[PDB]
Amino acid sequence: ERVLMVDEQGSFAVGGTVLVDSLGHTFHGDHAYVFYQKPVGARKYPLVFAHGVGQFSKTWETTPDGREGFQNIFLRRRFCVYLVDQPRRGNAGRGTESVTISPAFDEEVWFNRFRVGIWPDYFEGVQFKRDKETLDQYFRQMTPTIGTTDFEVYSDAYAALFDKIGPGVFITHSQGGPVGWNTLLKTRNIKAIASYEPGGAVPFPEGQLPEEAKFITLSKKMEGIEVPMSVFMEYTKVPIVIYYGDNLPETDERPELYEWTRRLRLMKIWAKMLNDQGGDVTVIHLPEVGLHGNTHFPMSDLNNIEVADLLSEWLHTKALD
């Protein structure tokens, strides 16, 4: 019986490039696609949401079991909400590269990687509905990259978006993490960043890469990267919060899950190093603040309203609401 009072809504492509062939003909690609809604009585700073690998805006929309996601929850709380499909993903599938896409039979691997459970079993107490239809939805919210992964291309489009809409808050997920870290260096208009379970390319000062950053992922990439000191200092300039969920394993028997344990450890080190240089980085491991059973997608888990309340609280204390 509640009602979302939408003052404005719409969609647009943002950013991208233009290829030009030998005849002067154009190809417009590599933009992001954005759908936005502005509530009546909107707060000063919009929220911009960025998904991770294999996913799209649906990350933040209806949950796989049919409940409201952050798109609806934050609109109801009077934030302008911008949902994005990054370059080469979903509705932004018009990339600039030639590419071959083939189905991969790794759905059961993703179940584990997302810490829903160890397939075929769900984790005890997991904040995820256990029926077949929910899982059907969960696998069908994946969509392929129509090209190669390129954080420069991705972050360029998000910078173009922040430049367009003005100062806002960037809410990211997983590989959205390093998209976020890159985008910060490209726009004045990011006021703050909240990231859910970031992974990849954590920036440390050259010569100060912590031992805990030197592990190489399953994706064959080193987790931490070295950046010049003046670039590292840019991450001290806005408030940052990072959230990790539950069922982080204690041993490395299954790297698909243990990588998340390593990431929690690493982000705490990263936060400490930035805070020692005057930053404002908070890392929250959800069970330690009373929320148990979260997966890699806390924004769509069964307790996602409680997850949203934590975010609203932080936004409030940073005067971003």
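Numbering starts at 1 and runs along the sequence shown.
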{"query": "119-127 versus 72-80 - greater average Cα B-factor per the deposited record", "finding": "119-127"}
{"query": "Between 210-218 and 165-173 (mean CA B-factor, as deposited), the higher", "finding": "210-218"}
{"query": "Deposited CA B-factor, highest of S98, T143, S155, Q137", "finding": "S98"}
{"query": "Deposited CA B-factor, highest of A92, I225, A194, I190", "finding": "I225"}
{"query": "Third of the chain's Cα B-factor distribution that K58 belongs to, per the entry", "finding": "lowest"}
{"query": "For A50, the third of its chain into which the C-alpha B factor falls", "finding": "lowest"}
{"query": "Third of the chain, ranked by Cα B-factor, where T183 sits", "finding": "lowest"}
{"query": "Entry-reported Cα temperature factor of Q86, expressed as the chain third it lands in", "finding": "lowest"}
{"query": "Lowest, middle or highest third - CA B-factor, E288", "finding": "highest"}
